[PDB]
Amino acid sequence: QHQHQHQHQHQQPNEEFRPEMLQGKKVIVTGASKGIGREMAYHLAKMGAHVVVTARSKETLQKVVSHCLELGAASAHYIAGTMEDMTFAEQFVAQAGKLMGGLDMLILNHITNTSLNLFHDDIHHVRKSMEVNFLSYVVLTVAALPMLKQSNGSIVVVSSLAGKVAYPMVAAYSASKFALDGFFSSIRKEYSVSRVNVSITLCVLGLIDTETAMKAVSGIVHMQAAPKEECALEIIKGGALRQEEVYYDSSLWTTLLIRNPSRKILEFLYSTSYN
């Protein structure tokens, strides 16, 4: 109905973010029982999206779903399961899309539990890292793609500074996050040439103040953590705007130094050869 005539607007030749870009949109959020995943569920609810949230803990997901509905979600549902289970991953998306009658955005956020430790002999954690953090994202993507091709939708992949540069104590985790870049940046190029109108947003996040991260770094690293609330909002904005990469960190020097113009230029040369 009413407007707010005192609220400022900017002048342009073009485009910004508005919540209406998510109003009535059909969105899956994975790892949504806590942290950034949960915050993203909430933001999307407030924007009047349809949300399907997932994670292992059904009891906490019930709470998220309940709060989503309170905040103004168009609809809110959960399906419980582990992303170690590739059959679940595949069935979760089909079930999520039937609930909503479609899919506009796939937000891939979950990771297997990880701590800061030097590597020796924990091959299982390495495999489990690759399966949960990387392989399930590929399985979810494959299941989701027919629906996303219909809606010209978006895949949002949550990664890390440790998915662009190296760090000790997180080798397995870092390997999986690098793998995400390798894989999705490659299919992004494939979609460009096969005219698949599905955007891919890789999100490169510095340290975020979730309980899990703050516990993991206690006494080992002494650094600023960015607020989980806005981090979650920035992820959604990047995906909604169909941006290839999103950067979010407490430090602006860091966000400066994770860009790779050489790689952009090398890839630009390969595709100008193709063009």
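Position 1 is the first residue in the sequence shown; the rest follow in order. In this text, the rigid core denotes the largest set of C-alpha atoms whose superposition between the two forms falls within 1.5 Å.
Remark: when the other structures in 7 other deposited structures of this protein are fitted onto this one via the rigid core, 245 to 253 deviates more than the alternative among 245 to 253 and 30 to 38, judged by RMS CA distance.
Compared with other entries of the same protein, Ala232 falls outside the group left without coordinates by a third of them; all model it where both flanks are modelled. Notably, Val221 is an intermittent gap: at least a third of the other compared entries of this protein, restricted to those modelling both its neighbours, have no coordinates for it. The mean C-alpha temperature factor is higher for 85 to 93 when 200 to 208 and 85 to 93 are set side by side. When 229 to 237 is weighed against 56 to 64, 56 to 64 comes out higher, by mean CA B-factor as recorded in the entry. Take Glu131, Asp181, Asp122, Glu190 and read off each C-alpha B-factor from the entry; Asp122 has the highest. Per the deposited record, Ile220 carries the highest C-alpha B-factor of all listed residues (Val29, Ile220, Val246, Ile36). When the modelled residues of the chain are ordered by C-alpha B-factor, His77 sits in the highest third. For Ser136, the recorded CA temperature factor ranks within the lowest third of the chain's modelled residues.
Among the modelled residues of the chain, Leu116 sits in the highest third by CA temperature factor in this PDB entry. In this PDB entry, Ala166 carries a Cα temperature factor that places it within the lowest third of its chain's modelled residues.
Compared with the other modelled residues of the chain, the Cα B-factor recorded for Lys149 ranks in the middle third.
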